[PDB]
Amino acid sequence: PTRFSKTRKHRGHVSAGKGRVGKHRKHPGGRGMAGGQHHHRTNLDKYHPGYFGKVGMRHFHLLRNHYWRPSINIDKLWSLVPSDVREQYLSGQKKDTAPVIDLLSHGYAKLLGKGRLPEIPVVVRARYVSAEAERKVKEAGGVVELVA
Amino acid sequence: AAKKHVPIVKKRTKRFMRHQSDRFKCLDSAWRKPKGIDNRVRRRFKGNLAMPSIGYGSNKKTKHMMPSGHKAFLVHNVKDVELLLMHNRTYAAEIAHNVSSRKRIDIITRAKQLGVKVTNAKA
Amino acid sequence: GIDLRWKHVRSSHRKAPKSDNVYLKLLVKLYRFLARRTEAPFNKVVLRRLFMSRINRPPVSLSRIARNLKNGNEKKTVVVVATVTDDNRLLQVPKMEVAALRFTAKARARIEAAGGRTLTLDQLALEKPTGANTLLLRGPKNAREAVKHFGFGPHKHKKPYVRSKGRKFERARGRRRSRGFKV
Amino acid sequence: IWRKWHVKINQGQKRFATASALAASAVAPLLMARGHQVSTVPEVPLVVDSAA
Amino acid sequence: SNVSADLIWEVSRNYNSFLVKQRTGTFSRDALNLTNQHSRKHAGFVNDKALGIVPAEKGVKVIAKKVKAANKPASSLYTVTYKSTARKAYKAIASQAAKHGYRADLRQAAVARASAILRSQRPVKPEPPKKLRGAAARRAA
RNA sequence: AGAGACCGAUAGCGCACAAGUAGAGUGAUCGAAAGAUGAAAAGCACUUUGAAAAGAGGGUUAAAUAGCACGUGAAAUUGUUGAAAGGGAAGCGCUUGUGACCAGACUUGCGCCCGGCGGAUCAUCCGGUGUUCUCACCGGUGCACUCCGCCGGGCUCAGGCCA
RNA sequence: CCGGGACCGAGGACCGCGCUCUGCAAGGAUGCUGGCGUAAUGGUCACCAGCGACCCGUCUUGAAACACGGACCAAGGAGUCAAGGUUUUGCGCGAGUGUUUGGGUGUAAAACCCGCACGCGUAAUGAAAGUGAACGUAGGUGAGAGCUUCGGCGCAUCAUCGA
RNA sequence: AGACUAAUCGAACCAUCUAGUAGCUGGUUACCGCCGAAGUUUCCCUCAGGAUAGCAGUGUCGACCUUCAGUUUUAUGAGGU
RNA sequence: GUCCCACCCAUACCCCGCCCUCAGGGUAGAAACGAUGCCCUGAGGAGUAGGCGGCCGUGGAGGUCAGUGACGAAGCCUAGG
Ligand SMILES: [Mg+2]
Ligand SMILES: [Mg+2]
Ligand SMILES: [Mg+2]
Ligand SMILES: [Mg+2]
Ligand SMILES: [Mg+2]
Ligand SMILES: [Mg+2]
Ligand SMILES: [Mg+2]
Ligand SMILES: [Mg+2]
Ligand SMILES: [Mg+2]
Ligand SMILES: [Mg+2]
Ligand SMILES: [Mg+2]
Ligand SMILES: [Mg+2]
Ligand SMILES: [Mg+2]
Ligand SMILES: [Mg+2]
Ligand SMILES: [Mg+2]
Ligand SMILES: [Mg+2]
Ligand SMILES: [Mg+2]
Ligand SMILES: [Mg+2]
Ligand SMILES: [Mg+2]
Ligand SMILES: [Mg+2]
Ligand SMILES: [Mg+2]
Ligand SMILES: [Mg+2]
Ligand SMILES: [Mg+2]
Ligand SMILES: [Mg+2]
Ligand SMILES: [Mg+2]
Ligand SMILES: [Mg+2]
Ligand SMILES: [Mg+2]
Ligand SMILES: [Mg+2]
Ligand SMILES: [Mg+2]
Ligand SMILES: [Mg+2]
Ligand SMILES: [Mg+2]
Ligand SMILES: [Mg+2]
Ligand SMILES: [Mg+2]
Ligand SMILES: [Mg+2]
Ligand SMILES: [Mg+2]
Ligand SMILES: [Mg+2]
Ligand SMILES: [Mg+2]
Ligand SMILES: [Mg+2]
Ligand SMILES: [Mg+2]
Ligand SMILES: [Mg+2]
Ligand SMILES: [Mg+2]
Ligand SMILES: [Mg+2]
Ligand SMILES: [Mg+2]
Ligand SMILES: [Mg+2]
Ligand SMILES: [Mg+2]
Ligand SMILES: [Mg+2]
Ligand SMILES: [Mg+2]
Ligand SMILES: [Mg+2]
Ligand SMILES: [Mg+2]
Ligand SMILES: [Mg+2]
Ligand SMILES: [Mg+2]
Ligand SMILES: [Mg+2]
């Protein structure tokens, strides 16, 4: 809102807070990113190291769908189970059944191994799996199976 | 009669006239702070107009108090003047300028009943 | 003249909440009275934290509470002047009594399902007016995306302001020796 | 014309505000302080039989 | 509960329909407000226990809030008219305000309001004729 | 065709009006200013002075200082009247003085004795309601060494300005 | 230890230090008296008088400047809006969050309701292929508010050695 | 003769692009309160301009920790005016 | 030229009153409070460029004041407050 702005407070004061010596001219220093390798080099080097130059190779017609593989950690693996069934498993009212989790159905392609796992068998169907995640599932007593 | 109060001191009665408003008709006499770089009034040269300051502020006990010791309360009707029922020794009713003559008479009668001073009763 | 370096120096701490929450105002009145009329430093700390902005009151998770409940703190009442959130990574919530400014729905539900207890700060003032047997907890103040950008400069390993991440965004000339110099 | 005429409000905040206003509607002092003539109203959450 | 006198004061402290603010002071035209001042002490419409005094045809009429009927405004006021004697009205109002702990802090204000109303109900004396000082010479001709 | 947290005659389209008009330019083109009497013209009959324009009376109207130079009618600038100052500027600040003109304050209010007048509650008790459940109200009683009000006298207290 | 003079009287039941202790000059002025009760005090305006007082704005090291703009007055007249970004306030929900592209509905541009996808966040790193986060009660040391059964438990955060 | 081409000529007039750009000149509209500078560092076709650091304000937060200091004393180094 | 005495006055110093700012305290088994209030105490006050805070004023919108008004709204003038 205009009534909360500082221009209202600058009414009656010549130069509107822009100074008398420097006068708020049009574009001192240039427009946009002018002088990146010149008078603005000090800023462009203090911040944004690496602004200029090329690194790496090109990929013509990159289709982002080729690289779709969202990952989930084993610490949040059990959060994919519905809360009531998850509580039943964690408290131990099954111990004769195992949950089969479809990471692709939940929207994930790779299983990573960040967290810990409770000592409960569980079958995990994933496109990809990390070595640590696989090891941790096996030690918990389950198995991971590749499904594409 | 108003409540007992300390004597009213104003610290100043003049109006703080705007600089050069006495010489230029385009300038209203209402105070304006001079922002000029060379302004003698702003720089506080001897023998010049004084600028208003918080040091001129009136005593907190007697602020907003007319010489009789009452504070003005603007009233537009009898119900407005009845708000001063418990304040006839501290507040005086001032009838609004746009009040008709009959309503003014009614307000004056009610204020007389309540013992409330009216600043502009005569008409 | 008096020759002073400093004059009219204002206090640099908050004296009241900038919030207009009526219930927060009532809570502040209650804890103002408590801090004035009690010797407990707990009440003064709580009163000062009631003034704080949201970034000065980072959330505390159930897992963070569980970490501090260990080593002889299981029977203490947890006091957090902030929001208490849930943690999926914590599968078993220990039994706990927590008084907080507010709880998320999942955190409150899990605390109650684990046999615990949830309190407001006025309830805490009622049961423990001096903060006896309390464990006062704060969330991670610096765990914030904006803080990662603070103090950016050469050889400081802070996060730059970039529109995207990739090989073409701030990774050449100033970041590797193959492009002149590194930082 | 491309001034921002409309304001996007979170639906959760809209529902809180509505619930808070409904709760305030059940407080007799608030009705009088908002200027309603409720001195003759029999009960503040005034409920009339739907048969009427 | 979510509602209390303190909560109502919190939500009605800065503005309400009874407020009359101007330079030199802010008053309240609330019917349950002795002294007509704006404050938690006297904002009777927010408090569970409150008193109000209005002029009657010959005495005063006193209304008090009934705590059990806070949600039933049509039966929320205990009303009594005192038209016998000023001193008896003062005694009854002071008892009403202080004997049973029903707003003992309003005892002085209620007695003063009753006194002011009864004083206003007296016949007014005619004003003395206004003398002239500078207009005297010009109007004597 | 319907609307607006828009503008309100220097604004809003250049144009609220005989406006893309009047006018300028060889031409392409350029391109204004300009709304409001009153409810109703009832838009001033008639007399008089004047060559006339008009004036003075008179009339209409709620109103003519609303009279087609028309609602209101600011400032710059001007005329008359009244007051004042002025030996090569004036204005202005602090402070008195003179002259002119004024706003307030006051002219009472509290109590206590002694008389007069009027009234009917003044305590207490009984009943009925209300309510904060002990505090009141309404009826009945009271019935004059009570209570209330108004006059007259005396006394007390306070209350304006300068000392 | 005695005089002579000036300016001032803030506060408003008691409370305290005390003294020369029926009281007091001890945590801030009372007592007595007079004149007037009105333009008398007081305010405003005009003028004379004493002292003081360069023309504003601006650029500038420096302006009263022989620096520029300003004859006067009225009205108009200059840090806005949009997108994107950032930090800090206030809110809601919170490992999630965002109804309003759209659909349903309506007292019809409002309000109300719905969900698939999607964006951001939840995982980084490398040019890339790719790989992808617990030895420890999610570690040890020094601090550290606050609690403590008084033995230590140790938030945030900082420094440090590790994983 | 750079003369003339409708009072216009070292490139006419009209409309539009166009509110062209300007590190340059001018201006930039109520009051009070508190704090309060710089003309210096480095880089720039930089020298009437920028960025950068410094000086300044505001908002906080932390145990405001028993520390901090344009100062003296004591002990102990350096210097080449 | 040197020495001595008394005296004159700055917005400086000292004492007092008041304004504001800043700081430190008190105030609920509430007879209670524009608790954003009130009460007590101490210190301080220059300011261009500039920053921040609080307030005054204008056109329009929602709510409210059972607001004002042809028995006179708005506007305008005013050596009247
Ligand atoms: Mg300035
Ligand atoms: Mg300028
Ligand atoms: Mg320069
Ligand atoms: Mg500049
Ligand atoms: Mg004044
Ligand atoms: Mg200068
Ligand atoms: Mg000083
Ligand atoms: Mg280095
Ligand atoms: Mg090479
Ligand atoms: Mg190369
Ligand atoms: Mg026009
Ligand atoms: Mg015109
Ligand atoms: Mg035009
Ligand atoms: Mg032509
Ligand atoms: Mg006209
Ligand atoms: Mg006539
Ligand atoms: Mg007229
Ligand atoms: Mg007229
Ligand atoms: Mg006219
Ligand atoms: Mg004129
Ligand atoms: Mg002169
Ligand atoms: Mg004089
Ligand atoms: Mg009876
Ligand atoms: Mg005089
Ligand atoms: Mg003079
Ligand atoms: Mg001179
Ligand atoms: Mg020069
Ligand atoms: Mg100058
Ligand atoms: Mg010269
Ligand atoms: Mg120059
Ligand atoms: Mg020039
Ligand atoms: Mg000129
Ligand atoms: Mg205009
Ligand atoms: Mg203007
Ligand atoms: Mg933005
Ligand atoms: Mg999502
Ligand atoms: Mg990758
Ligand atoms: Mg400690
Ligand atoms: Mg030649
Ligand atoms: Mg031509
Ligand atoms: Mg020619
Ligand atoms: Mg040509
Ligand atoms: Mg052209
Ligand atoms: Mg300063
Ligand atoms: Mg170069
Ligand atoms: Mg220059
Ligand atoms: Mg040498
Ligand atoms: Mg040398
Ligand atoms: Mg001072
Ligand atoms: Mg200052
Ligand atoms: Mg507008
Ligand atoms: Mg009028």
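Letters A, B, ... mirror the listed sequences (proteins, then strands); counts begin at 1. Quick note: numbers below take in every heavy atom, side chains included, and nothing from hydrogens, waters or symmetry partners.
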Does [N] have its sugar in the north or the south range once you look at the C1'-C2'-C3'-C4' torsion?
N: F:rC7; result: north
N: G:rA74; result: north
N: F:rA16; result: south
N: G:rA63; result: south
N: G:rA75; result: north

Do E:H100 and E:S95 come close enough that some side-chain heavy atom pair is under 4.5 Å?
->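 A side-chain contact is absent here, since even the closest heavy-atom pair is not under 4.5 Å.
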Please tell me if the side chains of C:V45 and C:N43 come closer than 4.5 Å, counting only heavy atoms from C-beta onward.
->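 Side-chain contact under 4.5 Å: no.
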Between [options], which nucleotide gets closest to the side-chain atoms of [X]?
X: E:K88; options: I:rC52, F:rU121, I:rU64; value: F:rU121
X: B:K14; options: H:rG49, I:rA49, F:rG93; value: F:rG93
X: B:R102; options: F:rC92, I:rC71, I:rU68; value: I:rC71
X: E:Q96; options: F:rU132, H:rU29, H:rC31; value: F:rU132
X: A:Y47; options: H:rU52, F:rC94, H:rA22; value: H:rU52
X: E:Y82; options: I:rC33, F:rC137, I:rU64; value: F:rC137

[N] versus [M] - spacing of their [atom1] atoms, nearest Å:
N: F:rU141; M: F:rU121; atom1: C1'; value: 12 Å
N: F:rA53; M: F:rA69; atom1: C1'; value: 15 Å
N: F:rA123; M: F:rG142; atom1: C1'; value: 9 Å
N: G:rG35; M: F:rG93; atom1: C1'; value: 38 Å
N: F:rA51; M: F:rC44; atom1: P; value: 25 Å
N: F:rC13; M: I:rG54; atom1: P; value: 37 Å
N: G:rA63; M: G:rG50; atom1: P; value: 34 Å
N: G:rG92; M: I:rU21; atom1: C1'; value: 39 Å

Would you name the heavy atoms of [X] and [Y] that are closest together and state the gap between them?
X: C:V60; Y: C:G139; result: CG2-N, 3.4 Å
X: E:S17; Y: D:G35; result: OG-N, 3.5 Å
X: C:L69; Y: C:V78; result: CD2-CG2, 3.8 Å

So, does [X] get its side chain near the phosphate of [N], meaning an N or O under 4.0 Å from OP1 or OP2?
X: E:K91; N: F:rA136; result: yes
X: B:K103; N: I:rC71; result: no
X: E:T81; N: F:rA136; result: no
X: B:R44; N: I:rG47; result: yes
X: E:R29; N: I:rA66; result: yes
X: C:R10; N: I:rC52; result: no
X: E:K41; N: I:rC33; result: yes
X: C:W6; N: I:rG44; result: no
X: E:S95; N: F:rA136; result: yes
X: A:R20; N: I:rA49; result: yes
X: C:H8; N: H:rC34; result: no
X: B:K25; N: F:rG91; result: no
X: C:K29; N: I:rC33; result: no
X: E:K65; N: F:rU132; result: no

So what does [X] touch, heavy atoms closer than 4.0 Å: a base, only the sugar-phosphate, or nothing?
X: E:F27; result: nothing
X: A:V21; result: sugar-phosphate
X: E:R103; result: base
X: C:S61; result: nothing
X: C:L137; result: sugar-phosphate
X: A:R69; result: base

Evaluate the stacking of G:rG104 against G:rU105, requiring that the six-membered ring centres lie under 5.5 Å apart and that the ring planes differ by under 30 degrees.
->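 Yes, six-membered rings of the two bases stack.
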Centres under 5.5 Å and planes under 30° for the six-membered rings of G:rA156 and G:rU157?
->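 Yes, stacked.
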Are C:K29 and E:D6 close enough for a salt bridge, meaning some N to O gap below 4.0 Å?
->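 Result for this pair is no, no salt bridge flagged.
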Is the shortest distance from a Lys or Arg side-chain nitrogen in E:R107 or E:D105 to a carboxylate oxygen in the other one below 4.0 Å?
->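 The answer is no: the pair does not qualify as a salt bridge.
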Name the orientation of the base relative to the sugar in I:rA70: syn if the glycosidic angle is within 90° of 0, else anti.
->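 What I:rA70 shows is a syn base, its glycosidic angle lying within 90° of 0.
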Does F:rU77 sit syn or anti, given that only angles within 90° of 0 count as syn?
->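 Base orientation: anti.
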Taking atom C1' of I:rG69 as reference, at what distance in whole Å does atom CZ of B:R104 sit?
->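 Between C1' of I:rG69 and CZ of B:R104: 15 Å.
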In whole angstroms, how far is the P atom of H:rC61 from the CZ atom of C:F51?
->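 Computing the C:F51:CZ to H:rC61:P distance gives 10 Å.
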Residue whose nearest RNA chain G nucleotide is more 5′ - B:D38 or C:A107 =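 Counting from the 5' end, the first nearest nucleotide belongs to B:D38.
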Upstream residue (5' side of RNA chain G) when B:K35 and C:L135 are each assigned their closest nucleotide |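 It is B:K35, whose closest nucleotide lies nearer the 5' terminus.
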Using a heavy-atom cut-off of 4.0 Å to chain B, what are the terminal contacting nucleotides of RNA chain G, in 5' to 3' order?
->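 Answer, 5' to 3': G:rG11 to G:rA74.
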Test for a donor-acceptor pair under 3.5 Å between the base of [N] and the side chain of [X], counting only N and O atoms.
X: E:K49; N: F:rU132; result: no
X: C:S12; N: H:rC61; result: yes
X: B:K11; N: I:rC18; result: yes

Over 60° means perpendicular and under 30° means parallel, so classify the ring planes of E:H38 and E:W9, tilted if in between.
->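 The rings of E:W9 and E:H38 sit tilted, inter-plane angle from 30° to 60°.
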Mapping A:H27 and B:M51 to their closest nucleotides on RNA chain H, which lands nearer the 5' end?
->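 Residue closer to the 5' terminus by nearest nucleotide: A:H27.
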Mapping A:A16 and A:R25 to their closest nucleotides on RNA chain H, which lands nearer the 5' end?
->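 Its nearest nucleotide being more 5', the pick is A:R25.
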Across all strands shown, which nucleotide pairs with F:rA3 by Watson-Crick or G-U wobble geometry, both distances under 3.5 Å?
->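 Partner of F:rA3: none found under 3.5 Å.
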Give none if H:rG33 has no partner; otherwise give the nucleotide forming a Watson-Crick or G-U wobble pair with it, both distances under 3.5 Å.
->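 With both distances under 3.5 Å, H:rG33 matches I:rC52.
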B:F16 six-ring centre to B:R18 NZ/CZ under 6.0 Å and within 45° of normal =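 Judged by the rule (NZ or CZ under 6.0 Å from the ring centre, within 45° of its axis), B:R18 is not positioned above B:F16.
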For C:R64, does its backbone N or O pair with a side-chain atom of C:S61 as donor and acceptor, under 3.5 Å?
->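 Yes; judged by distance alone, with no hydrogens or angles, the pair exists.
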